[PDB]
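What's in input-v9.pdb: PDB, C-alpha atoms and all ligand atoms
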ATOM      1  CA  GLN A   2     -25.225  -3.444   7.829
ATOM      2  CA  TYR A   3     -21.575  -3.141   8.998
ATOM      3  CA  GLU A   4     -20.727  -5.946  11.431
ATOM      4  CA  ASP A   5     -17.343  -6.829  12.902
ATOM      5  CA  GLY A   6     -16.175  -9.968  11.139
ATOM      6  CA  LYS A   7     -17.883  -9.249   7.826
ATOM      7  CA  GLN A   8     -16.561  -6.138   6.081
ATOM      8  CA  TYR A   9     -13.832  -5.570   8.696
ATOM      9  CA  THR A  10     -12.087  -6.978  11.744
ATOM     10  CA  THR A  11     -10.927  -5.224  14.923
ATOM     11  CA  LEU A  12      -7.401  -5.409  16.287
ATOM     12  CA  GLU A  13      -7.232  -6.623  19.876
ATOM     13  CA  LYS A  14      -4.518  -4.060  20.642
ATOM     14  CA  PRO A  15      -5.110  -0.839  18.651
ATOM     15  CA  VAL A  16      -2.050   0.944  17.292
ATOM     16  CA  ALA A  17      -1.438   4.248  19.055
ATOM     17  CA  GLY A  18      -0.775   7.149  16.701
ATOM     18  CA  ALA A  19      -1.412   5.226  13.495
ATOM     19  CA  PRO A  20      -2.288   7.037  10.262
ATOM     20  CA  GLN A  21      -6.031   7.392   9.868
ATOM     21  CA  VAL A  22      -6.112   5.410   6.601
ATOM     22  CA  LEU A  23      -3.066   3.195   6.076
ATOM     23  CA  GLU A  24      -2.491   0.924   3.066
ATOM     24  CA  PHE A  25       0.164  -1.785   2.881
ATOM     25  CA  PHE A  26       1.343  -3.053  -0.492
ATOM     26  CA  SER A  27       4.164  -4.811  -2.310
ATOM     27  CA  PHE A  28       5.308  -4.362  -5.887
ATOM     28  CA  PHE A  29       5.462  -8.205  -6.007
ATOM     29  CA  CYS A  30       1.819  -8.574  -4.899
ATOM     30  CA  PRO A  31      -0.564  -9.444  -7.769
ATOM     31  CA  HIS A  32      -3.666  -8.148  -5.992
ATOM     32  CA  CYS A  33      -1.790  -4.901  -5.267
ATOM     33  CA  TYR A  34      -1.130  -4.612  -9.014
ATOM     34  CA  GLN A  35      -4.855  -4.760  -9.726
ATOM     35  CA  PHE A  36      -5.654  -2.341  -6.877
ATOM     36  CA  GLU A  37      -3.396   0.161  -8.654
ATOM     37  CA  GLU A  38      -3.967  -0.378 -12.378
ATOM     38  CA  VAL A  39      -7.504  -1.813 -12.650
ATOM     39  CA  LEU A  40      -9.568  -1.162  -9.520
ATOM     40  CA  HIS A  41      -7.911   2.138  -8.457
ATOM     41  CA  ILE A  42      -8.845   1.276  -4.878
ATOM     42  CA  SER A  43      -6.829   4.168  -3.452
ATOM     43  CA  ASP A  44      -8.489   6.892  -5.528
ATOM     44  CA  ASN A  45     -11.942   5.409  -4.940
ATOM     45  CA  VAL A  46     -11.439   5.337  -1.177
ATOM     46  CA  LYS A  47     -10.132   8.910  -1.347
ATOM     47  CA  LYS A  48     -13.261  10.116  -3.146
ATOM     48  CA  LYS A  49     -15.409   9.011  -0.193
ATOM     49  CA  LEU A  50     -13.301  10.093   2.732
ATOM     50  CA  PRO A  51     -14.347  12.949   5.017
ATOM     51  CA  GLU A  52     -12.657  16.317   4.841
ATOM     52  CA  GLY A  53      -8.988  16.346   5.807
ATOM     53  CA  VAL A  54      -8.507  12.600   6.339
ATOM     54  CA  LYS A  55      -4.996  11.680   5.170
ATOM     55  CA  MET A  56      -4.195   8.462   3.292
ATOM     56  CA  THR A  57      -0.832   6.710   3.828
ATOM     57  CA  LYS A  58       0.685   3.836   1.824
ATOM     58  CA  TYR A  59       3.575   1.665   3.045
ATOM     59  CA  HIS A  60       5.605  -1.045   1.301
ATOM     60  CA  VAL A  61       6.267  -4.431   2.903
ATOM     61  CA  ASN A  62       9.298  -6.728   2.782
ATOM     62  CA  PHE A  63       7.954 -10.263   3.030
ATOM     63  CA  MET A  64       7.407 -10.660  -0.729
ATOM     64  CA  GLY A  65      10.204 -11.235  -3.202
ATOM     65  CA  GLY A  66      13.260 -12.052  -1.107
ATOM     66  CA  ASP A  67      16.120  -9.572  -0.888
ATOM     67  CA  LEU A  68      14.677  -7.540  -3.773
ATOM     68  CA  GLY A  69      11.668  -6.938  -1.523
ATOM     69  CA  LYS A  70      13.844  -5.088   0.985
ATOM     70  CA  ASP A  71      15.313  -3.000  -1.837
ATOM     71  CA  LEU A  72      11.811  -2.117  -3.021
ATOM     72  CA  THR A  73      10.905  -0.966   0.494
ATOM     73  CA  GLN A  74      13.959   1.285   0.542
ATOM     74  CA  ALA A  75      13.025   2.500  -2.954
ATOM     75  CA  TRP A  76       9.498   3.381  -1.832
ATOM     76  CA  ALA A  77      11.085   5.262   1.077
ATOM     77  CA  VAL A  78      13.099   7.233  -1.497
ATOM     78  CA  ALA A  79       9.878   7.929  -3.414
ATOM     79  CA  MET A  80       8.160   9.244  -0.293
ATOM     80  CA  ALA A  81      11.188  11.347   0.706
ATOM     81  CA  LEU A  82      11.396  12.936  -2.768
ATOM     82  CA  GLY A  83       7.658  13.033  -3.422
ATOM     83  CA  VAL A  84       7.906  11.148  -6.728
ATOM     84  CA  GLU A  85       5.386   8.379  -5.980
ATOM     85  CA  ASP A  86       3.240   9.420  -8.963
ATOM     86  CA  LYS A  87       6.217   9.083 -11.302
ATOM     87  CA  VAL A  88       7.530   5.655 -10.220
ATOM     88  CA  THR A  89       4.517   3.670  -8.970
ATOM     89  CA  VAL A  90       3.412   2.302 -12.353
ATOM     90  CA  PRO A  91       6.916   1.790 -13.871
ATOM     91  CA  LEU A  92       7.866  -0.207 -10.749
ATOM     92  CA  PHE A  93       4.717  -2.336 -10.828
ATOM     93  CA  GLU A  94       5.145  -2.997 -14.543
ATOM     94  CA  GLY A  95       8.888  -3.646 -14.321
ATOM     95  CA  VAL A  96       8.455  -6.097 -11.445
ATOM     96  CA  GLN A  97       5.298  -7.960 -12.523
ATOM     97  CA  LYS A  98       4.477  -7.124 -16.165
ATOM     98  CA  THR A  99       7.880  -7.196 -17.907
ATOM     99  CA  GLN A 100       9.874  -8.814 -15.044
ATOM    100  CA  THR A 101      12.864  -6.693 -16.127
ATOM    101  CA  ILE A 102      13.413  -5.335 -12.581
ATOM    102  CA  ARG A 103      15.550  -7.930 -10.791
ATOM    103  CA  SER A 104      18.143  -5.882  -8.884
ATOM    104  CA  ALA A 105      18.768  -2.633  -7.045
ATOM    105  CA  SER A 106      20.353  -1.177 -10.173
ATOM    106  CA  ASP A 107      17.182  -1.925 -12.172
ATOM    107  CA  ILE A 108      15.177  -0.051  -9.522
ATOM    108  CA  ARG A 109      17.617   2.858  -9.807
ATOM    109  CA  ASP A 110      17.184   2.864 -13.601
ATOM    110  CA  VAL A 111      13.420   3.313 -13.210
ATOM    111  CA  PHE A 112      13.941   6.441 -11.095
ATOM    112  CA  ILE A 113      16.424   7.917 -13.585
ATOM    113  CA  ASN A 114      14.135   7.389 -16.584
ATOM    114  CA  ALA A 115      11.421   9.126 -14.530
ATOM    115  CA  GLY A 116      13.576  12.262 -14.265
ATOM    116  CA  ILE A 117      15.253  11.796 -10.879
ATOM    117  CA  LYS A 118      18.963  12.490 -11.278
ATOM    118  CA  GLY A 119      21.273   9.678 -10.226
ATOM    119  CA  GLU A 120      23.109  11.863  -7.714
ATOM    120  CA  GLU A 121      19.746  12.820  -6.194
ATOM    121  CA  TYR A 122      18.671   9.157  -5.955
ATOM    122  CA  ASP A 123      21.966   7.974  -4.456
ATOM    123  CA  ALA A 124      21.933  10.769  -1.875
ATOM    124  CA  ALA A 125      18.353   9.958  -0.857
ATOM    125  CA  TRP A 126      19.010   6.187  -0.953
ATOM    126  CA  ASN A 127      21.795   6.567   1.636
ATOM    127  CA  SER A 128      20.182   9.315   3.749
ATOM    128  CA  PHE A 129      19.175   8.996   7.379
ATOM    129  CA  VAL A 130      15.681  10.114   6.351
ATOM    130  CA  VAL A 131      15.238   7.057   4.132
ATOM    131  CA  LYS A 132      16.668   4.879   6.907
ATOM    132  CA  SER A 133      14.025   6.309   9.225
ATOM    133  CA  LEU A 134      11.322   5.727   6.598
ATOM    134  CA  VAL A 135      12.343   2.084   6.122
ATOM    135  CA  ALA A 136      12.147   1.480   9.871
ATOM    136  CA  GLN A 137       8.846   3.377  10.013
ATOM    137  CA  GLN A 138       7.222   1.120   7.397
ATOM    138  CA  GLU A 139       8.437  -2.031   9.159
ATOM    139  CA  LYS A 140       7.214  -0.834  12.556
ATOM    140  CA  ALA A 141       3.692  -0.112  11.292
ATOM    141  CA  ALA A 142       3.545  -3.579   9.735
ATOM    142  CA  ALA A 143       4.698  -5.218  12.964
ATOM    143  CA  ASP A 144       2.309  -3.085  15.033
ATOM    144  CA  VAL A 145      -0.748  -4.385  13.132
ATOM    145  CA  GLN A 146       0.470  -7.997  12.967
ATOM    146  CA  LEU A 147       0.482  -7.821   9.164
ATOM    147  CA  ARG A 148       0.646 -11.170   7.367
ATOM    148  CA  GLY A 149      -0.297 -10.303   3.792
ATOM    149  CA  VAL A 150      -1.146  -7.537   1.372
ATOM    150  CA  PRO A 151      -3.063  -5.642   0.080
ATOM    151  CA  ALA A 152      -4.247  -4.589   3.502
ATOM    152  CA  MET A 153      -5.844  -1.424   4.787
ATOM    153  CA  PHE A 154      -6.238  -0.201   8.350
ATOM    154  CA  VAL A 155      -8.461   2.566   9.688
ATOM    155  CA  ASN A 156      -7.300   4.586  12.725
ATOM    156  CA  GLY A 157      -4.960   1.779  13.783
ATOM    157  CA  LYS A 158      -7.987  -0.188  15.005
ATOM    158  CA  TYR A 159     -10.009  -1.674  12.131
ATOM    159  CA  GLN A 160      -8.726  -3.914   9.338
ATOM    160  CA  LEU A 161     -10.676  -4.141   6.093
ATOM    161  CA  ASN A 162     -11.726  -7.701   5.185
ATOM    162  CA  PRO A 163     -12.076  -7.866   1.383
ATOM    163  CA  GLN A 164     -12.838 -11.597   1.285
ATOM    164  CA  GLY A 165     -16.021 -10.796   3.246
ATOM    165  CA  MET A 166     -17.220  -8.423   0.503
ATOM    166  CA  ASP A 167     -18.743  -9.300  -2.868
ATOM    167  CA  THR A 168     -15.685 -10.213  -4.985
ATOM    168  CA  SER A 169     -17.762 -11.506  -7.948
ATOM    169  CA  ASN A 170     -18.083  -8.031  -9.531
ATOM    170  CA  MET A 171     -15.376  -5.352  -9.684
ATOM    171  CA  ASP A 172     -17.641  -2.313  -9.354
ATOM    172  CA  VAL A 173     -19.545  -3.740  -6.380
ATOM    173  CA  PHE A 174     -16.280  -4.777  -4.739
ATOM    174  CA  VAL A 175     -14.828  -1.274  -5.102
ATOM    175  CA  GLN A 176     -17.985   0.372  -3.747
ATOM    176  CA  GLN A 177     -18.247  -1.970  -0.757
ATOM    177  CA  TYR A 178     -14.531  -1.521   0.021
ATOM    178  CA  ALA A 179     -14.669   2.286  -0.176
ATOM    179  CA  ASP A 180     -17.941   2.538   1.768
ATOM    180  CA  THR A 181     -16.494   0.390   4.557
ATOM    181  CA  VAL A 182     -13.531   2.765   4.894
ATOM    182  CA  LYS A 183     -15.908   5.730   5.021
ATOM    183  CA  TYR A 184     -18.058   4.062   7.704
ATOM    184  CA  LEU A 185     -15.042   3.117   9.827
ATOM    185  CA  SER A 186     -13.411   6.512   9.346
ATOM    186  CA  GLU A 187     -16.389   8.164  11.068
ATOM    187  CA  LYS A 188     -15.822   6.063  14.216
TER
HETATM  188  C1  LIG N 201     -12.894  -8.047  -7.673
HETATM  189  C2  LIG N 201     -11.628  -8.404  -6.938
HETATM  190  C3  LIG N 201     -11.670  -8.793  -5.603
HETATM  191  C4  LIG N 201     -10.511  -9.134  -4.925
HETATM  192  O1  LIG N 201     -10.651  -9.533  -3.597
HETATM  193  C5  LIG N 201      -9.560  -9.551  -2.736
HETATM  194  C6  LIG N 201      -8.839  -8.396  -2.490
HETATM  195  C7  LIG N 201      -7.827  -8.409  -1.549
HETATM  196  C8  LIG N 201      -7.517  -9.562  -0.847
HETATM  197  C9  LIG N 201      -6.389  -9.576   0.157
HETATM  198  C10 LIG N 201      -5.326 -10.579  -0.248
HETATM  199  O2  LIG N 201      -5.270 -11.017  -1.387
HETATM  200  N1  LIG N 201      -4.462 -10.963   0.711
HETATM  201  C11 LIG N 201      -3.272 -11.764   0.405
HETATM  202  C12 LIG N 201      -3.209 -12.962   1.317
HETATM  203  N2  LIG N 201      -3.293 -12.514   2.703
HETATM  204  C13 LIG N 201      -2.484 -13.282   3.638
HETATM  205  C14 LIG N 201      -4.029 -11.485   3.133
HETATM  206  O3  LIG N 201      -4.199 -11.235   4.317
HETATM  207  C15 LIG N 201      -4.663 -10.585   2.108
HETATM  208  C16 LIG N 201      -8.243 -10.714  -1.117
HETATM  209  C17 LIG N 201      -9.255 -10.717  -2.058
HETATM  210  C18 LIG N 201      -9.284  -9.096  -5.563
HETATM  211  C19 LIG N 201      -9.220  -8.710  -6.887
HETATM  212  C20 LIG N 201     -10.381  -8.364  -7.579
HETATM  213  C21 LIG N 201     -10.308  -7.962  -8.958
HETATM  214  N3  LIG N 201     -10.290  -7.638 -10.053
END
Would you encode the structure as structure tokens?
Ligand SMILES: Cc1cc(Oc2ccc(CC(=O)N3CCN(C)C(=O)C3)cc2)ccc1C#N
Amino acid sequence: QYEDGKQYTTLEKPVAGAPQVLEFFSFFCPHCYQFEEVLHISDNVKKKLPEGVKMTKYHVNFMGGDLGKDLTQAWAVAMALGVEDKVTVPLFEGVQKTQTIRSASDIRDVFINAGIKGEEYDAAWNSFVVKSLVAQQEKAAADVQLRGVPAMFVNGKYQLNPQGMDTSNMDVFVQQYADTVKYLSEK
């Protein structure tokens, strides 16, 4: 039922110490927008994972020019402060839906209207911790030879292959995607 090359591929050099379930996304990515707002891929995968398996989500730079680097640093700020749930949707909608986020100051404004004080954002933005988080996201992308998003990796060894699943129907696609992660997570 689950064959290498159909629902998933296998990295030739597995990534030592990778997060068990690792998602890569970009706020510029249209498929990542639907994974968040329509398909809820992340919460559907989470419903089917075994006990205690942690899910990690990293932002990538190669979409959207110099604003893409700023969005990776902003996602680092969100992870450092734990405000992902308050900024994920306003950032997606400001980048892709309204296209009113076009600069670092527009990103900042999203965090402030979500309740993060400007002095707290500026401190985090310039911290060593966020510097380390930016480098961490870029290293994981390089370590899996990432070329596009959305992408999801299981135990640093298996890469989901959504174009090898049924993409004609949204509910079947979500169930095949989440069941593949569950199968691979038990390996
Ligand atoms: C039912 C459905 C099914 C879909 O199926 C996908 C899903 C993800 C991908 C991955 C992808 O888009 N990319 C970007 C290009 N590159 C270089 C990559 O490696 C990966 C593809 C099809 C997408 C949307 C919807 C909807 N509603």
ask   = To one decimal place, how far is CA of residue 75 in chain A from CA of residue 114 in chain A in Å?
value = 14.5 Å
request  = Using the chain letters and numbers from the file, give me the residues hit by the PyMOL selection byres (((not hetatm)) within 6 of (chain N and resi 201)), as a count of residues only.
outcome  = 12
query = Expanded to explicit residues, what is the PyMOL selection byres (((chain A and resi 4) around 12) and not hetatm) for this file, as an NGL selection string?
reply = :A and (2-3 or 5-11 or 159 or 161-162 or 165-166 or 181 or 184-185)
task = Identify which of the residues A:116, A:38, A:12, A:47 lies closest to residue 87 in chain A, counting only C-alpha atoms when measuring atom-to-atom distances.
result = A:116
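Residues within 8 Å of residue 55 in chain A, counting all atoms listed in the file and excluding same-chain residues fewer than 5 positions away, are residues 20, 21 and 22 of chain A.
Proximity ranking of A:97, A:73, A:57, A:133 relative to residue 35 in chain A places A:97 first, based on only C-alpha atoms.
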Residue 122 in chain A surroundings by all atoms listed in the file, 12 Å radius, close-in-sequence under 2 positions cut, as a PyMOL selection string = chain A and resi 74-84+105-106+108-120+124-128+131
request  = Can you work out the spacing between CA of residue 139 in chain A and CA of residue 63 in chain A in Å, to one decimal?
outcome  =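 Taking CA of residue 139 in chain A and CA of residue 63 in chain A, their separation equals 10.3 Å.
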request  = Determine the residue set returned by the PyMOL selection byres (((chain A and resi 146) around 12) and not hetatm) for the present structure, and present it as a list in words.
outcome  =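 Applied to this file, the PyMOL selection byres (((chain A and resi 146) around 12) and not hetatm) returns residues 11, 12, 13, 14, 15, 16, 25, 139, 140, 141, 142, 143, 144, 145, 147, 148, 149, 150, 152, 154, 157, 158 and 160 of chain A.
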Put those residues in a file: C-alpha atoms, as a compact mmCIF listing (two decimals), in the frame of the given file.
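Okay, result.txt is ready:
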# COMPACT_ATOMS: atom_id res chain seq x y z
CA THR A 11 -10.93 -5.22 14.92
CA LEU A 12 -7.40 -5.41 16.29
CA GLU A 13 -7.23 -6.62 19.88
CA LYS A 14 -4.52 -4.06 20.64
CA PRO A 15 -5.11 -0.84 18.65
CA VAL A 16 -2.05 0.94 17.29
CA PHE A 25 0.16 -1.78 2.88
CA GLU A 139 8.44 -2.03 9.16
CA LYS A 140 7.21 -0.83 12.56
CA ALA A 141 3.69 -0.11 11.29
CA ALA A 142 3.54 -3.58 9.74
CA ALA A 143 4.70 -5.22 12.96
CA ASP A 144 2.31 -3.08 15.03
CA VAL A 145 -0.75 -4.38 13.13
CA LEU A 147 0.48 -7.82 9.16
CA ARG A 148 0.65 -11.17 7.37
CA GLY A 149 -0.30 -10.30 3.79
CA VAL A 150 -1.15 -7.54 1.37
CA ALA A 152 -4.25 -4.59 3.50
CA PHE A 154 -6.24 -0.20 8.35
CA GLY A 157 -4.96 1.78 13.78
CA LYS A 158 -7.99 -0.19 15.00
CA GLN A 160 -8.73 -3.91 9.34
inquiry  = Just the number, please: distance in Å from CA of residue 46 in chain A to CA of residue 177 in chain A, one decimal.
reply    = 10.0 Å
request  = Have a look at A:39, A:33, A:23, A:92 and name the one nearest to residue 172 in chain A; count all atoms listed in the file.
outcome  = A:39
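Nearest-residue note for residue 71 in chain A: choosing from A:40, A:153, A:54, A:102, the minimum distance belongs to A:102, counting all atoms listed in the file.
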Starting from the sparse input, extend range 160-186 of chain A to N, CA and C atoms and give the output as a PDB file, in the coordinates of the input.
ATOM      1  N   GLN A 160      -9.344  -3.378  10.542  1.00  0.00           N
ATOM      2  CA  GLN A 160      -8.726  -3.914   9.338  1.00  0.00           C
ATOM      3  C   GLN A 160      -9.813  -4.318   8.356  1.00  0.00           C
ATOM      4  N   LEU A 161      -9.750  -3.763   7.148  1.00  0.00           N
ATOM      5  CA  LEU A 161     -10.676  -4.141   6.093  1.00  0.00           C
ATOM      6  C   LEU A 161     -10.547  -5.636   5.814  1.00  0.00           C
ATOM      7  N   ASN A 162     -11.674  -6.269   5.484  1.00  0.00           N
ATOM      8  CA  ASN A 162     -11.726  -7.701   5.185  1.00  0.00           C
ATOM      9  C   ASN A 162     -12.322  -7.874   3.792  1.00  0.00           C
ATOM     10  N   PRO A 163     -11.508  -7.790   2.738  1.00  0.00           N
ATOM     11  CA  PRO A 163     -12.076  -7.866   1.383  1.00  0.00           C
ATOM     12  C   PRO A 163     -12.687  -9.218   1.042  1.00  0.00           C
ATOM     13  N   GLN A 164     -12.217 -10.322   1.633  1.00  0.00           N
ATOM     14  CA  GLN A 164     -12.838 -11.597   1.285  1.00  0.00           C
ATOM     15  C   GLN A 164     -14.233 -11.741   1.883  1.00  0.00           C
ATOM     16  N   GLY A 165     -14.670 -10.802   2.718  1.00  0.00           N
ATOM     17  CA  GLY A 165     -16.021 -10.796   3.246  1.00  0.00           C
ATOM     18  C   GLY A 165     -16.938  -9.837   2.522  1.00  0.00           C
ATOM     19  N   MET A 166     -16.471  -9.254   1.427  1.00  0.00           N
ATOM     20  CA  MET A 166     -17.220  -8.423   0.503  1.00  0.00           C
ATOM     21  C   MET A 166     -17.509  -9.218  -0.766  1.00  0.00           C
ATOM     22  N   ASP A 167     -18.420  -8.694  -1.575  1.00  0.00           N
ATOM     23  CA  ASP A 167     -18.743  -9.300  -2.868  1.00  0.00           C
ATOM     24  C   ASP A 167     -17.543  -9.179  -3.813  1.00  0.00           C
ATOM     25  N   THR A 168     -16.826 -10.279  -4.069  1.00  0.00           N
ATOM     26  CA  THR A 168     -15.685 -10.213  -4.985  1.00  0.00           C
ATOM     27  C   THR A 168     -16.013 -10.762  -6.373  1.00  0.00           C
ATOM     28  N   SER A 169     -17.291 -11.053  -6.638  1.00  0.00           N
ATOM     29  CA  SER A 169     -17.762 -11.506  -7.948  1.00  0.00           C
ATOM     30  C   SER A 169     -17.744 -10.400  -9.002  1.00  0.00           C
ATOM     31  N   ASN A 170     -17.974  -9.150  -8.604  1.00  0.00           N
ATOM     32  CA  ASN A 170     -18.083  -8.031  -9.531  1.00  0.00           C
ATOM     33  C   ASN A 170     -17.146  -6.914  -9.096  1.00  0.00           C
ATOM     34  N   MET A 171     -16.417  -6.317 -10.055  1.00  0.00           N
ATOM     35  CA  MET A 171     -15.376  -5.352  -9.684  1.00  0.00           C
ATOM     36  C   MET A 171     -15.965  -4.049  -9.161  1.00  0.00           C
ATOM     37  N   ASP A 172     -17.067  -3.592  -9.755  1.00  0.00           N
ATOM     38  CA  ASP A 172     -17.641  -2.313  -9.354  1.00  0.00           C
ATOM     39  C   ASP A 172     -18.296  -2.404  -7.981  1.00  0.00           C
ATOM     40  N   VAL A 173     -18.964  -3.519  -7.699  1.00  0.00           N
ATOM     41  CA  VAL A 173     -19.545  -3.740  -6.380  1.00  0.00           C
ATOM     42  C   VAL A 173     -18.448  -3.894  -5.333  1.00  0.00           C
ATOM     43  N   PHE A 174     -17.378  -4.609  -5.680  1.00  0.00           N
ATOM     44  CA  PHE A 174     -16.280  -4.777  -4.739  1.00  0.00           C
ATOM     45  C   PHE A 174     -15.677  -3.432  -4.363  1.00  0.00           C
ATOM     46  N   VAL A 175     -15.420  -2.585  -5.361  1.00  0.00           N
ATOM     47  CA  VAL A 175     -14.828  -1.274  -5.102  1.00  0.00           C
ATOM     48  C   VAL A 175     -15.752  -0.421  -4.236  1.00  0.00           C
ATOM     49  N   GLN A 176     -17.063  -0.468  -4.504  1.00  0.00           N
ATOM     50  CA  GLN A 176     -17.985   0.372  -3.747  1.00  0.00           C
ATOM     51  C   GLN A 176     -18.149  -0.129  -2.321  1.00  0.00           C
ATOM     52  N   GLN A 177     -18.158  -1.451  -2.119  1.00  0.00           N
ATOM     53  CA  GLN A 177     -18.247  -1.970  -0.757  1.00  0.00           C
ATOM     54  C   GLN A 177     -16.972  -1.691   0.031  1.00  0.00           C
ATOM     55  N   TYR A 178     -15.810  -1.820  -0.622  1.00  0.00           N
ATOM     56  CA  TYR A 178     -14.531  -1.521   0.021  1.00  0.00           C
ATOM     57  C   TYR A 178     -14.454  -0.059   0.446  1.00  0.00           C
ATOM     58  N   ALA A 179     -14.787   0.858  -0.470  1.00  0.00           N
ATOM     59  CA  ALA A 179     -14.669   2.286  -0.176  1.00  0.00           C
ATOM     60  C   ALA A 179     -15.712   2.741   0.845  1.00  0.00           C
ATOM     61  N   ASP A 180     -16.919   2.172   0.795  1.00  0.00           N
ATOM     62  CA  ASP A 180     -17.941   2.538   1.768  1.00  0.00           C
ATOM     63  C   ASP A 180     -17.614   2.004   3.155  1.00  0.00           C
ATOM     64  N   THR A 181     -16.925   0.862   3.245  1.00  0.00           N
ATOM     65  CA  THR A 181     -16.494   0.390   4.557  1.00  0.00           C
ATOM     66  C   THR A 181     -15.458   1.330   5.171  1.00  0.00           C
ATOM     67  N   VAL A 182     -14.529   1.841   4.361  1.00  0.00           N
ATOM     68  CA  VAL A 182     -13.531   2.765   4.894  1.00  0.00           C
ATOM     69  C   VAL A 182     -14.210   4.033   5.387  1.00  0.00           C
ATOM     70  N   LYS A 183     -15.168   4.541   4.615  1.00  0.00           N
ATOM     71  CA  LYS A 183     -15.908   5.730   5.021  1.00  0.00           C
ATOM     72  C   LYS A 183     -16.650   5.498   6.337  1.00  0.00           C
ATOM     73  N   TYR A 184     -17.334   4.356   6.466  1.00  0.00           N
ATOM     74  CA  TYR A 184     -18.058   4.062   7.704  1.00  0.00           C
ATOM     75  C   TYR A 184     -17.113   3.983   8.897  1.00  0.00           C
ATOM     76  N   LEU A 185     -16.000   3.264   8.739  1.00  0.00           N
ATOM     77  CA  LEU A 185     -15.042   3.117   9.827  1.00  0.00           C
ATOM     78  C   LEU A 185     -14.326   4.425  10.132  1.00  0.00           C
ATOM     79  N   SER A 186     -14.125   5.267   9.124  1.00  0.00           N
ATOM     80  CA  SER A 186     -13.411   6.512   9.346  1.00  0.00           C
ATOM     81  C   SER A 186     -14.206   7.475  10.209  1.00  0.00           C
TER      82      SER A 186
END
